[PDB]
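Taken one at a time, structure 1 and structure 2 that follow are two forms of one protein chain, written as structure tokens.
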Structure 1
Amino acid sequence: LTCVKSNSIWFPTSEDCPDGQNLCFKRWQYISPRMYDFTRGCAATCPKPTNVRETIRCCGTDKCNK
């Protein structure tokens, strides 16, 4: 699998996931209206929110987390 990788520093790029990681994730954290922190990458299992302002979506096709 290949996923989009991005975070607060790095602009979105393609990344090849390690063998055995067959999900891509997109995670967003609400700050205020229409203002979010986004993170994207590969995962083995879908990550879970660390706080109630976070939402995560996972998917299983190349770069589906764009």
Structure 2
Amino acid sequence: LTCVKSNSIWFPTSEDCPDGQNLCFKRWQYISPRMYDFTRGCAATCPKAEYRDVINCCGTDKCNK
């Protein structure tokens, strides 16, 4: 599986997922009313979304743009 990857170290790019990580995720973490951290990458499992920790996942190549 290949996913879009973007985080504190990576400008948007693509990652070939480590074996056993078969999900691509998009995640938003609340910092303040007008600020959040947006990240993208590979994952093994998808936790439930919450208001301040919003996540969605998918299992097709680069489906997490």
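By convention here, residues take numbers in order along the sequence of structure 1, the first being 1. Take the two forms, find the largest set of C-alpha atoms that superpose within 1.5 Å, and that set is the rigid core. Shifts are known only where both forms have a C-alpha.
Shown in the overlay between structures 1 and 2, fitted on the rigid core, is a CA shift at residue 36 of 2 Å or greater. Aligning the rigid core leaves the CA of residue 10 displaced by 2.2 Å between structures 1 and 2. Against the superposed rigid core, the consecutive-residue runs (3 or more long) showing CA movement of at least 2 Å between structures 1 and 2 span 8-10, 29-37.
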